[PDB]
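Novice: My structure is below; once you've seen it, I'll send some questions.
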Amino acid sequence: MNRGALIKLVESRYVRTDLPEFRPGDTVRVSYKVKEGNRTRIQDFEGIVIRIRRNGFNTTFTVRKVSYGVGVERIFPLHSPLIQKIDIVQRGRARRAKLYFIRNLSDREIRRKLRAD
Amino acid sequence: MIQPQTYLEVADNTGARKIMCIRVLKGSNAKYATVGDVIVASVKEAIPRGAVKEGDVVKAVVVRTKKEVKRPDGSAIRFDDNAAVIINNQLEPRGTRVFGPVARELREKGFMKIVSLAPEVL
Amino acid sequence: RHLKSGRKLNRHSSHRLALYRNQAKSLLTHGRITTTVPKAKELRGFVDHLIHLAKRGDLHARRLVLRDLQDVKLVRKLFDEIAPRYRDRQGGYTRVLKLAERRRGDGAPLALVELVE
Amino acid sequence: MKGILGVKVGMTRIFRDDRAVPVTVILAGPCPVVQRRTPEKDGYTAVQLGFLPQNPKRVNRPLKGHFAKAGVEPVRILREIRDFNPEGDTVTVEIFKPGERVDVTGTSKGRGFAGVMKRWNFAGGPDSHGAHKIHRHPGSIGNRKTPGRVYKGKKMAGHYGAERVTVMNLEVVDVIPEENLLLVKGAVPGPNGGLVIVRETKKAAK
Amino acid sequence: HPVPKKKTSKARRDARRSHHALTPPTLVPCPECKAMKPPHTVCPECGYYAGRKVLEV
RNA sequence: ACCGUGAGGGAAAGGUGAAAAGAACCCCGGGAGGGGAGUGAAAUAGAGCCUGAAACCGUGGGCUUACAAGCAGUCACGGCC
RNA sequence: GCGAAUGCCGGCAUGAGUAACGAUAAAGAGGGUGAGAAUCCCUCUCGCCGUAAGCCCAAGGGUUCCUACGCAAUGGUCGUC
RNA sequence: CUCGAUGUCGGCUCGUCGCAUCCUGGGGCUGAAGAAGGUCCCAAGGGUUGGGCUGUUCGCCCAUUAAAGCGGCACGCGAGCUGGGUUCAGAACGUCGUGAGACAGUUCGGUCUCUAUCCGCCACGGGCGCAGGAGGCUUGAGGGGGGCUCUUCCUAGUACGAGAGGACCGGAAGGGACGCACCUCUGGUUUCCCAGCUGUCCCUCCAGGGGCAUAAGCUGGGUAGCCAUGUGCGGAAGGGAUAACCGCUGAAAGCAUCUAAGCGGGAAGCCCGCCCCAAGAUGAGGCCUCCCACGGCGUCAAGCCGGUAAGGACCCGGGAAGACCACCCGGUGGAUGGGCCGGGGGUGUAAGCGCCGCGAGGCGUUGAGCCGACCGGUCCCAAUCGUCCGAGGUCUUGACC
């Protein structure tokens, strides 16, 4: 019973699936739109593209910093169910080894290297 | 994420996108040039011409790297540390500047100009 | 800091694994062996999992625990010698039990523990 | 205004248009195990239990203390004053309405025995120009002829975990009437999967 | 460096040695033969509960 | 003896008994050592063993002691024995 | 004829059954011999040396080395080593 | 007193009281319009930042700040550090000295020990007791913890107004610092969780592994626990006495006065309200339930024995509780551990054979493989058997039946 049980439950309650979207993939830079908004309920299907970085897993989870070269390096981290989300579509490839936090990217990247993977 | 003494980045009418702040402009007990805050500093880095100089202003907090945790559980981090220089009132320094969007900023609000100003990729 | 603690042991992880094994081995040899209180306790947990693969019974499994004990004689010795004998119960193939006395000089409480027939 | 509970675990949730985090309160439902009538204990109040751990295991006394107004077969019990029992059995399946403010407490997870380091704030001493004590150690303790000795009540090393305590206001967030559970966004006062209680006081004028 | 002052008499010495004191050894009889057995144990005789597997040689 | 390189410094320990008759032998024990038999005038004269006290630690008994602040004590008195 | 002189010589106390065992180069098993074996013997797992924890000549030590019995003293407890 | 011995500076760390109170408020006063100052009496509540240079505390300076106080305790702190210091020999010169040597002129280095006995503080236990023997729930006299402050805005830009400018009263939101808990989330760890790697001796050559490369050789990530830099919360109300200071009713001073008389106003302070201890408060225990008056002896038989599992202790086995200990749940009529199993979350597609390349390896079966503390199943194993201690119920008075 206990924890596992009851809790599993309440969450199931609220989050339900984070909106069946189960497209994780390690690599894949990809793109989405979160409601993220302010100013006159300007909740905007805002879409950021980002090279897939990491994640938290259980009730509460999060599609991690996918780093995005904006013109400086900006990495974007976002909670998974987090009703906050609407569109979440992949573009990139779910490839590469050593598993996540492979910031190798954000760090010494270098477009070339980037592609080097 | 924060700092007192600091080698920070900017990109306004900068002498150089870099100045060292003393501390936080908030509630007398600084300890955090924190995201979206306002604080104190002088230049560290050079400045071709430019009316900027090797002085000291105060201004407002951009980027950080160690958790931009927002109200909506919006989350982010840029491998960059920088804010925009202020002229008194706050009224920003330069005509433009190299950087972009995201809540925290506008949210602090007082600086809409910065707001519309740094938009696109970079 | 410390309190809520799992897998509880002494000496030094290398020393330990060292023992766990050496012992797991010697017991495998004699069915029953004599040492000190937890020597047994934990040794149970361990030689324990080993017999578990002993049972596992297959080219791979074999490959593994061998990975750990290093040496055919026993390798097979267990894997086929008794692994069958057990393959059918629900683990706990260990019988850890408190002898009559305590080694000298100190009074270290000891016992015999073995494959539980 | 009081709930008796088996504190579950802490977890995150969402509200309005934003996530935030809560905690899992669970309580079958204590019952009038003992009443201090006032003429009884002019410190008038209600004592209750809220579960049941094995019956084959149970002192006679317990058996009949229960006998009293007779109720069930548990062991979790305690008391609180100035709280009527407009019932003779309580659950919370409503007992505790959400969108309300609460106060609550519980057992306090059990620390260890760490000095100036733990126990109190300020992490020890310093480290380098001095290492015949490297980084931290005990502050100072009194003096020559001031009191002429060693003081009597400043913080002190050691055991500072096996105790109990509570938290002031917190939010009632949500009510799950079935599995007698409630999410409250709380300082998980003390462990979890263990013991706690809630009470509500706050004539607080903002 | 900090050698006391004297010794509050055997008196004290005791006070201490005293709260100290030496208790005795737990035991019941062999679940099998007789003599003293501490809780879970066997010995140079009976030696069991299900298979002496012990004593005599 | 023993410290110092050498020069050199430089302890301690006297007695069992009257005479050896100073301990066959039996018994717990690896042994020591421990109970007996014999010694004898004694062996609380038993081998470091005459006389063998103070100090300190011990086994039993008497009185005494858990709301107590005093070198000590001690004058008084009351309860124990 | 003596408290008394941080006295002189010899006992006997005290913190203390806490500080400490001389290197963080680890050891675990099985059987053996024994009055008793963590601490001896074989044998089996295992770590640390190896450029030394190698061997070698020499110095200086001067018993001991061996083989056989024994352990009350001695090893910083063990201990049939 | 001290020379049979008392460590002197500066700083550190933990500070503790004090008011001639700095910020706080309460105030009468103004040369007080407002605002803002400034002028005294009351009141320590909390609070009473960073750096710079200087061995200097003082100080001067940078930036803020509500504010960035004076000082008591051998100028608190060496049995708790630090030790630049001035103050053992050096050597330096600058300076005296006929020179030996010297200068509170200076400058470079310059061997600070500490196994706690006492009373004292921090904790945790063993007693023995608060005259039945018991399992458990309480109420607190009395003691402990925290009581700070900024800015935005409504009222409200009207009270003041020439104007520039800003108000009692009272009401919202955000924050700094700090105190209390706590991991979901955020990030930190994770000596074995997983994964990659060189060198090397070993297994059996090949792969597939193995110890050593620290007590993990190295690397990249990594639960769970613990933990900030992450999260909730808190410093309130509000009740009663009052400080300065304001008044009511009123004489003695046949007009007057707050003034002994009698009444009220009033401070972020005092008692409470807030949490945390607590009858070893011998002045409790209050309530609940429950076992009943056993045997034999000189009597106030308040001494000796089995006694009730009434209950508990012991041993075992388990614990975010934990040095030991006590606390806590359990012992097989159980799930308590470990085991196993299902599952989470970890690693990042194994081992082999198979498919393209002389080869390096590449692709397939593979997001496989292997896994420690996290939810929970199932007696696979080990919580067997036992033991011991633990009421009979003082005298006395009053009351009821």
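In the structure tokens, chains take letters A, B, ... by order of appearance, with residues numbered from 1 within each chain and ligands from 1 in the order shown.
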Step one, run DSSP on the backbone; step two, keep only residues of chain A assigned to alpha helix (DSSP H); then write them as a list in words.

Specialist: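 Selecting the alpha helix (DSSP H) positions of chain A gives residues 2, 3, 4, 5, 6, 7, 8, 9, 10, 11, 12, 13, 14, 15, 104, 105, 106, 107, 108, 111, 112, 113, 114, 115 and 116 of chain A.
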
Novice: Write out as a ChimeraX atom specification each polymer residue whose atoms come within 8 Å of region 360-372 of chain H, counting only C-alpha atoms (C1' of nucleotides); drop sequence neighbours fewer than 3 positions from it.

Specialist: /C:6-7 /H:193-194,348-350,354-356

Novice: Find the residues of chain H in contact range of chain C, meaning any atom within 6 Å when counting only C-alpha atoms (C1' of nucleotides), and list them as a list in words.

Specialist: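 That gives residues 209, 225, 226, 320, 339, 340, 351, 373, 380 and 381 of chain H for chain H.
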
Novice: At a cut-off of 6 Å, using only C-alpha atoms (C1' of nucleotides), what residues contact region 185-201 of chain D? Leave out same-chain residues fewer than 6 positions from it and give the result as a ChimeraX atom specification.

Specialist: /D:1-9,21-23,102-109 /H:181-182,232

Novice: Using only C-alpha atoms (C1' of nucleotides), which residues sit within 10 Å of residue 35 (chain G) once same-chain residues fewer than 2 positions away are excluded, as a PDB file with C-alpha atoms (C1' of nucleotides), in the first residue's frame?

Specialist:
```pdb
ATOM      1  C1'   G F  29      44.484 -29.348  38.216  1.00  0.00           C
ATOM      2  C1'   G F  30      48.493 -28.479  32.096  1.00  0.00           C
ATOM      3  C1'   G F  31      50.817 -26.445  35.772  1.00  0.00           C
TER       4        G F  31
ATOM      5  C1'   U G  80      50.761 -25.817  23.407  1.00  0.00           C
TER       6        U G  80
END
```

Novice: With a distance cut-off of 9 Å and only C-alpha atoms (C1' of nucleotides), select the neighbouring residues of residue 93 (chain A), excluding the residue or stretch itself and same-chain residues fewer than 3 positions from it, and output the selection as a VMD selection string.

Specialist: chain A and resid 25 to 30 90 96

Novice: List every residue of chain D that DSSP, applied to the backbone, labels as strand (DSSP E), and write the result as a ChimeraX atom specification.

Specialist: /D:2-10,13-15,18-20,23-26,31-36,45-49,77-81,101-108,142-143,149-150,163-171,174-176,181-183,194-199

Novice: Output the selection as an mmCIF file, in the first residue's frame - C-alpha atoms for each residue.

Specialist:
```
data_model
loop_
_atom_site.group_PDB
_atom_site.id
_atom_site.type_symbol
_atom_site.label_atom_id
_atom_site.label_comp_id
_atom_site.auth_asym_id
_atom_site.auth_seq_id
_atom_site.Cartn_x
_atom_site.Cartn_y
_atom_site.Cartn_z
ATOM 1 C CA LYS D 2 -8.262 19.051 14.369
ATOM 2 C CA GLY D 3 -7.221 16.018 12.212
ATOM 3 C CA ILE D 4 -5.276 12.998 13.376
ATOM 4 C CA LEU D 5 -2.807 11.407 11.043
ATOM 5 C CA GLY D 6 -0.459 9.007 9.503
ATOM 6 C CA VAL D 7 1.695 11.295 7.527
ATOM 7 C CA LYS D 8 2.427 9.891 4.111
ATOM 8 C CA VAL D 9 4.984 11.493 1.801
ATOM 9 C CA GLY D 10 5.629 14.899 0.117
ATOM 10 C CA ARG D 13 1.124 19.122 -7.753
ATOM 11 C CA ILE D 14 -0.482 21.898 -9.717
ATOM 12 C CA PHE D 15 -3.061 24.499 -8.830
ATOM 13 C CA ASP D 18 0.716 27.037 -12.037
ATOM 14 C CA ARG D 19 2.299 24.030 -10.450
ATOM 15 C CA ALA D 20 3.575 24.161 -6.788
ATOM 16 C CA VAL D 23 2.103 16.716 0.911
ATOM 17 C CA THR D 24 0.161 13.543 1.563
ATOM 18 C CA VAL D 25 -1.852 13.371 4.748
ATOM 19 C CA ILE D 26 -3.665 10.194 5.453
ATOM 20 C CA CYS D 31 -12.942 8.105 17.270
ATOM 21 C CA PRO D 32 -14.081 9.032 20.786
ATOM 22 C CA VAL D 33 -11.576 6.746 22.515
ATOM 23 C CA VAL D 34 -11.752 8.926 25.642
ATOM 24 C CA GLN D 35 -13.593 12.104 26.630
ATOM 25 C CA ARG D 36 -12.664 14.556 29.277
ATOM 26 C CA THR D 45 -11.549 17.611 25.406
ATOM 27 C CA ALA D 46 -11.283 14.621 22.995
ATOM 28 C CA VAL D 47 -8.705 11.770 22.793
ATOM 29 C CA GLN D 48 -8.782 9.447 19.803
ATOM 30 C CA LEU D 49 -6.996 6.751 17.832
ATOM 31 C CA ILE D 77 -3.985 7.428 20.044
ATOM 32 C CA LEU D 78 -3.591 10.890 21.602
ATOM 33 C CA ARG D 79 -5.593 13.908 22.877
ATOM 34 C CA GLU D 80 -6.518 17.617 22.353
ATOM 35 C CA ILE D 81 -8.532 20.143 24.515
ATOM 36 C CA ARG D 101 -5.929 27.445 6.189
ATOM 37 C CA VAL D 102 -4.455 25.164 8.709
ATOM 38 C CA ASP D 103 -1.723 24.763 11.368
ATOM 39 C CA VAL D 104 -0.008 21.393 11.987
ATOM 40 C CA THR D 105 2.816 19.360 13.426
ATOM 41 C CA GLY D 106 4.481 16.061 13.979
ATOM 42 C CA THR D 107 7.405 13.927 15.144
ATOM 43 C CA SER D 108 10.735 15.505 14.159
ATOM 44 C CA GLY D 142 32.626 32.359 29.322
ATOM 45 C CA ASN D 143 35.461 33.820 31.278
ATOM 46 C CA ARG D 149 33.446 30.490 35.109
ATOM 47 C CA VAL D 150 31.585 28.547 32.419
ATOM 48 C CA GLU D 163 12.563 15.228 19.141
ATOM 49 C CA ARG D 164 9.250 16.670 18.072
ATOM 50 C CA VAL D 165 7.713 19.775 16.730
ATOM 51 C CA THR D 166 5.315 21.745 14.591
ATOM 52 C CA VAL D 167 4.668 24.317 11.839
ATOM 53 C CA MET D 168 2.457 27.362 11.956
ATOM 54 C CA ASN D 169 0.097 28.088 9.143
ATOM 55 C CA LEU D 170 0.002 25.989 5.980
ATOM 56 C CA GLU D 171 -2.609 25.366 3.261
ATOM 57 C CA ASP D 174 -7.141 19.476 -1.349
ATOM 58 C CA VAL D 175 -9.456 16.816 -0.039
ATOM 59 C CA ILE D 176 -9.690 13.206 -1.157
ATOM 60 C CA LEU D 181 -6.196 11.703 2.291
ATOM 61 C CA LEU D 182 -5.416 15.387 1.966
ATOM 62 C CA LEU D 183 -2.773 17.351 0.002
ATOM 63 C CA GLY D 194 4.852 8.025 10.185
ATOM 64 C CA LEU D 195 3.206 10.248 12.731
ATOM 65 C CA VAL D 196 1.597 13.622 12.606
ATOM 66 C CA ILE D 197 -1.415 15.763 13.502
ATOM 67 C CA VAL D 198 -3.143 18.920 12.359
ATOM 68 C CA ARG D 199 -5.011 21.643 14.253
#
```

Novice: From the options B:118, B:11, B:40, B:35, which residue's atoms come nearest to chain H, counting only C-alpha atoms (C1' of nucleotides)?

Specialist: B:40

Novice: Show me, as a PyMOL selection string, the residues that have an atom within 9 Å of residue 114 (chain B) when counting only C-alpha atoms (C1' of nucleotides), minus same-chain residues fewer than 3 positions from it.

Specialist: chain B and resi 84+92+96-97+105-106+111+117-119

Novice: Would you pick out the contacts of residue 1 (chain A) at 12 Å or less, using only C-alpha atoms (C1' of nucleotides), so that residues sharing its chain but fewer than 2 positions from it are not included, and give the list as a PDB file with C-alpha atoms (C1' of nucleotides), in the first residue's frame?

Specialist:
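Written output follows (result.pdb):
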```pdb
ATOM      1  CA  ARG A   3       3.342   5.754  -0.538  1.00  0.00           C
ATOM      2  CA  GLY A   4       3.598   3.934  -3.813  1.00  0.00           C
ATOM      3  CA  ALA A   5      -0.054   3.391  -3.587  1.00  0.00           C
ATOM      4  CA  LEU A   6      -1.924   6.406  -2.431  1.00  0.00           C
ATOM      5  CA  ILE A   7       0.327   8.874  -3.924  1.00  0.00           C
ATOM      6  CA  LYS A   8       0.654   7.144  -7.272  1.00  0.00           C
ATOM      7  CA  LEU A   9      -2.981   7.702  -7.066  1.00  0.00           C
TER       8      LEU A   9
ATOM      9  CA  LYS D   8       2.427   9.891   4.111  1.00  0.00           C
ATOM     10  CA  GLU D 179      -8.819   7.231   0.588  1.00  0.00           C
ATOM     11  CA  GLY D 193       5.171   7.464   6.412  1.00  0.00           C
TER      12      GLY D 193
ATOM     13  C1'   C H 375       6.058   1.178  -3.248  1.00  0.00           C
ATOM     14  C1'   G H 376       4.813  -2.875  -2.021  1.00  0.00           C
ATOM     15  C1'   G H 377       3.508  -8.778  -2.776  1.00  0.00           C
TER      16        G H 377
END
```

Novice: With distances taken over only C-alpha atoms (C1' of nucleotides), which residue among F:79, F:35, F:2, F:45 lies nearest residue 17 (chain F)?

Specialist: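 Of all the options, F:45 lies closest to residue 17 (chain F).
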
Novice: Between F:76, F:10, F:56, F:69, which one has atoms that come closest to chain E, using only C-alpha atoms (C1' of nucleotides)?

Specialist: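 Checking each of F:76, F:10, F:56, F:69 against chain E, counting only C-alpha atoms (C1' of nucleotides), the winner is F:56.
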
Novice: For chain B, which residues have at least one atom within 9 Å of chain A, if we go by only C-alpha atoms? Write them as a list in words, please.

Specialist: residues 63, 72, 73, 74, 75, 76, 77, 78, 79, 80, 98, 99, 100, 103, 107, 120, 121 and 122 of chain B

Novice: I'd like to know which of E:9, E:17, E:28, E:48 is closest to chain H, using only C-alpha atoms (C1' of nucleotides).

Specialist: E:28

Novice: At a cut-off of 10 Å, can you tabulate as CSV every residue of chain B near chain H together with its closest atom pair and the distance in Å to one decimal, using only C-alpha atoms (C1' of nucleotides) and ordering rows by chain then number?

Specialist:
```
residue,atom,partner,partner_atom,distance
B:1,CA,H:229,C1',8.2
B:2,CA,H:229,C1',9.3
B:4,CA,H:50,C1',8.1
B:5,CA,H:51,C1',9.1
B:21,CA,H:63,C1',9.6
B:22,CA,H:63,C1',6.9
B:23,CA,H:50,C1',7.7
B:24,CA,H:64,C1',8.6
B:25,CA,H:64,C1',7.4
B:26,CA,H:176,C1',6.8
B:27,CA,H:176,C1',4.0
B:28,CA,H:65,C1',5.4
B:29,CA,H:49,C1',5.3
B:30,CA,H:176,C1',7.7
B:31,CA,H:50,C1',8.7
B:39,CA,H:64,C1',9.8
B:40,CA,H:63,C1',7.6
B:41,CA,H:63,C1',8.9
B:66,CA,H:187,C1',7.8
B:67,CA,H:186,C1',6.9
B:68,CA,H:186,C1',9.3
B:69,CA,H:186,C1',7.5
B:73,CA,H:185,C1',8.6
B:75,CA,H:186,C1',9.3
```

Novice: Can I get the selected residues back with N, CA and C atoms, as a PDB file, in the first residue's frame?

Specialist:
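What landed in selection_34.pdb:
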```pdb
ATOM      1  N   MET B   1      25.133  32.144 -10.365  1.00  0.00           N
ATOM      2  CA  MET B   1      23.759  32.619 -10.034  1.00  0.00           C
ATOM      3  C   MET B   1      23.786  34.040  -9.457  1.00  0.00           C
ATOM      4  N   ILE B   2      24.636  34.264  -8.465  1.00  0.00           N
ATOM      5  CA  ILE B   2      24.762  35.591  -7.900  1.00  0.00           C
ATOM      6  C   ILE B   2      26.234  35.818  -7.634  1.00  0.00           C
ATOM      7  N   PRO B   4      28.764  39.180  -5.271  1.00  0.00           N
ATOM      8  CA  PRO B   4      28.882  40.484  -4.666  1.00  0.00           C
ATOM      9  C   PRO B   4      29.830  41.061  -5.661  1.00  0.00           C
ATOM     10  N   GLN B   5      31.110  40.830  -5.411  1.00  0.00           N
ATOM     11  CA  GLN B   5      32.168  41.296  -6.281  1.00  0.00           C
ATOM     12  C   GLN B   5      31.914  40.635  -7.575  1.00  0.00           C
ATOM     13  N   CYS B  21      30.449  44.551 -10.092  1.00  0.00           N
ATOM     14  CA  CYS B  21      29.512  45.167  -9.200  1.00  0.00           C
ATOM     15  C   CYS B  21      30.085  44.943  -7.845  1.00  0.00           C
ATOM     16  N   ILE B  22      29.618  45.780  -6.945  1.00  0.00           N
ATOM     17  CA  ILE B  22      29.948  45.741  -5.574  1.00  0.00           C
ATOM     18  C   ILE B  22      28.883  44.738  -5.151  1.00  0.00           C
ATOM     19  N   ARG B  23      27.678  45.239  -4.907  1.00  0.00           N
ATOM     20  CA  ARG B  23      26.588  44.374  -4.455  1.00  0.00           C
ATOM     21  C   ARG B  23      25.161  44.626  -4.983  1.00  0.00           C
ATOM     22  N   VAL B  24      24.203  44.022  -4.255  1.00  0.00           N
ATOM     23  CA  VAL B  24      22.778  44.097  -4.575  1.00  0.00           C
ATOM     24  C   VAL B  24      22.155  45.393  -4.108  1.00  0.00           C
ATOM     25  N   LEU B  25      21.295  45.933  -4.951  1.00  0.00           N
ATOM     26  CA  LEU B  25      20.618  47.179  -4.683  1.00  0.00           C
ATOM     27  C   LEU B  25      19.408  47.078  -3.751  1.00  0.00           C
ATOM     28  N   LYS B  26      18.962  45.850  -3.461  1.00  0.00           N
ATOM     29  CA  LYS B  26      17.779  45.558  -2.611  1.00  0.00           C
ATOM     30  C   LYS B  26      17.779  45.956  -1.120  1.00  0.00           C
ATOM     31  N   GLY B  27      17.247  45.052  -0.297  1.00  0.00           N
ATOM     32  CA  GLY B  27      17.164  45.266   1.136  1.00  0.00           C
ATOM     33  C   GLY B  27      18.452  45.140   1.937  1.00  0.00           C
ATOM     34  N   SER B  28      19.123  46.275   2.090  1.00  0.00           N
ATOM     35  CA  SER B  28      20.366  46.403   2.841  1.00  0.00           C
ATOM     36  C   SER B  28      20.891  45.127   3.486  1.00  0.00           C
ATOM     37  N   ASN B  29      21.455  44.264   2.661  1.00  0.00           N
ATOM     38  CA  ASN B  29      22.000  43.005   3.118  1.00  0.00           C
ATOM     39  C   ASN B  29      22.108  42.140   1.880  1.00  0.00           C
ATOM     40  N   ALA B  30      22.695  42.756   0.857  1.00  0.00           N
ATOM     41  CA  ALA B  30      22.917  42.197  -0.474  1.00  0.00           C
ATOM     42  C   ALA B  30      23.097  40.691  -0.592  1.00  0.00           C
ATOM     43  N   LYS B  31      24.319  40.318  -0.942  1.00  0.00           N
ATOM     44  CA  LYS B  31      24.732  38.934  -1.108  1.00  0.00           C
ATOM     45  C   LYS B  31      24.219  38.209  -2.349  1.00  0.00           C
ATOM     46  N   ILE B  39      21.473  46.419  -9.301  1.00  0.00           N
ATOM     47  CA  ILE B  39      22.612  46.589  -8.421  1.00  0.00           C
ATOM     48  C   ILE B  39      23.683  47.576  -8.799  1.00  0.00           C
ATOM     49  N   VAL B  40      24.838  47.488  -8.127  1.00  0.00           N
ATOM     50  CA  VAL B  40      25.933  48.459  -8.345  1.00  0.00           C
ATOM     51  C   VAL B  40      27.237  48.069  -8.994  1.00  0.00           C
ATOM     52  N   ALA B  41      27.809  48.918  -9.837  1.00  0.00           N
ATOM     53  CA  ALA B  41      29.097  48.559 -10.405  1.00  0.00           C
ATOM     54  C   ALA B  41      29.889  49.605 -11.167  1.00  0.00           C
ATOM     55  N   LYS B  66      22.317  28.962 -12.854  1.00  0.00           N
ATOM     56  CA  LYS B  66      22.116  28.257 -11.590  1.00  0.00           C
ATOM     57  C   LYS B  66      20.684  28.451 -11.122  1.00  0.00           C
ATOM     58  N   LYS B  67      19.796  28.167 -12.061  1.00  0.00           N
ATOM     59  CA  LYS B  67      18.370  28.182 -11.879  1.00  0.00           C
ATOM     60  C   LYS B  67      17.527  29.425 -11.982  1.00  0.00           C
ATOM     61  N   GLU B  68      16.962  29.591 -13.171  1.00  0.00           N
ATOM     62  CA  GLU B  68      16.006  30.650 -13.379  1.00  0.00           C
ATOM     63  C   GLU B  68      14.747  29.800 -13.141  1.00  0.00           C
ATOM     64  N   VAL B  69      14.212  29.852 -11.910  1.00  0.00           N
ATOM     65  CA  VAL B  69      13.005  29.112 -11.483  1.00  0.00           C
ATOM     66  C   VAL B  69      11.805  30.058 -11.485  1.00  0.00           C
ATOM     67  N   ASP B  73       6.586  27.580 -13.007  1.00  0.00           N
ATOM     68  CA  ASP B  73       7.394  26.399 -13.037  1.00  0.00           C
ATOM     69  C   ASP B  73       7.850  26.383 -14.447  1.00  0.00           C
ATOM     70  N   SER B  75      11.092  26.914 -16.466  1.00  0.00           N
ATOM     71  CA  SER B  75      12.468  26.725 -16.025  1.00  0.00           C
ATOM     72  C   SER B  75      13.556  26.950 -17.071  1.00  0.00           C
TER      73      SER B  75
END
```

Novice: Report as CSV the residues of chain H within 8 Å of chain E, each with its shortest atom pair and distance in Å (one decimal), using only C-alpha atoms (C1' of nucleotides), ordered by chain and increasing residue number.

Specialist:
```
residue,atom,partner,partner_atom,distance
H:79,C1',E:2,CA,7.8
H:114,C1',E:1,CA,5.5
H:116,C1',E:2,CA,6.1
H:117,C1',E:4,CA,3.5
H:118,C1',E:4,CA,7.4
H:126,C1',E:19,CA,7.3
H:314,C1',E:26,CA,7.5
H:315,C1',E:39,CA,5.1
H:316,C1',E:39,CA,7.0
H:384,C1',E:49,CA,6.9
H:385,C1',E:31,CA,4.8
H:386,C1',E:28,CA,5.6
H:387,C1',E:28,CA,6.0
```

Novice: Could you work out how far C1' of residue 46 (chain G) lies from CA of residue 104 (chain C), giving the answer in Å with one decimal?

Specialist: 23.7 Å

Novice: What are the residues of chain D lining chain C at 12 Å or less? Count only C-alpha atoms, and put the answer as a PyMOL selection string.

Specialist: chain D and resi 109-114+117-118+161-162+191

Novice: Considering only C-alpha atoms (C1' of nucleotides), extract the chain G residues located within 12 Å of chain E and return them as a ChimeraX atom specification.

Specialist: /G:13-17
